[PDB]
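Here is the structure we will look at, set down as structure tokens.
Please note: Cβ atoms are built from the backbone with ideal geometry, for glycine as well, and neighbour counts cover all protein chains shown. What follows draws every value from the coordinates through simple rules; no lab data is involved.
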DNA sequence: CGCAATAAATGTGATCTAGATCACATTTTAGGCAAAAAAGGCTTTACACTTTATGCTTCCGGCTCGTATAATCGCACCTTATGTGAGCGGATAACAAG
């Protein structure tokens, strides 16, 4: 129900906001890889290998960083490790 | 015709069974025909099969969610110590050529 010319304008500016945020979150999911292996000692030999253990650990950190609020009393080193041990 | 010698054939005749007779009265035999007891026949009725739609209920079954919590850390102690040679690529030292 939109013009083929203007419909592109809506999406072209969405790739700008998601890009400035994506690259900005690539620095938090790289310097915090030490916390993933830290709590990865509670689910070692059980049924899944260690190589596939930090798999659900890295995906969890990338989820918490997105739903994180710097304007909140709780820090990140505690709020992020919540979704990690959940995956 | 008389003579040889191992096998087969000969007589005896009193004793004791073996096999046969007769005509008529008694006892056995055969297959015959219904009845009873049994085989399957071919009916018509008594019941029983799992199946499958369903939906309602309680109990046991199988699966997740968020929350609450402390942490993102720390010693001293017990007992051993794989086997080799053969095949291979890579790193280093000694060498002749330029």
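Within the range A:58-87, the set of residues being over 18 Å from residue A:27 (Cβ atoms) and either away from DNA strand B (no atom under 12 Å from the Cβ) or free of Cβ contacts under 8 Å to residues at least 24 places away in the same chain (or both) comprises A:71, A:72, A:73, A:74, A:78, A:82, A:83.
I'd like to know if the range A:17-32 contains one or more residues that are surrounded by 10 or more Cβ atoms within 10 Å (Cβ to Cβ), within 14 Å of DNA strand B (Cβ to nearest atom) and in contact (Cβ under 8 Å) with a residue 12 or more places away in the chain. Checking the range A:17-32: at least one residue is surrounded by 10 or more Cβ atoms within 10 Å (Cβ to Cβ), within 14 Å of DNA strand B (Cβ to nearest atom) and in contact (Cβ under 8 Å) with a residue 12 or more places away in the chain. Has the range A:48-57 got any residue that is touching a helix residue (DSSP H, G or I) at 6+ places or on another chain (Cβ under 6 Å), under 21 Å from residue A:84 (Cα atoms), away from DNA strand B (no atom under 14 Å from the Cβ) and assigned to a helix (DSSP H, G or I)? Scanning the range A:48-57 turns up at least one residue that is touching a helix residue (DSSP H, G or I) at 6+ places or on another chain (Cβ under 6 Å), under 21 Å from residue A:84 (Cα atoms), away from DNA strand B (no atom under 14 Å from the Cβ) and assigned to a helix (DSSP H, G or I).
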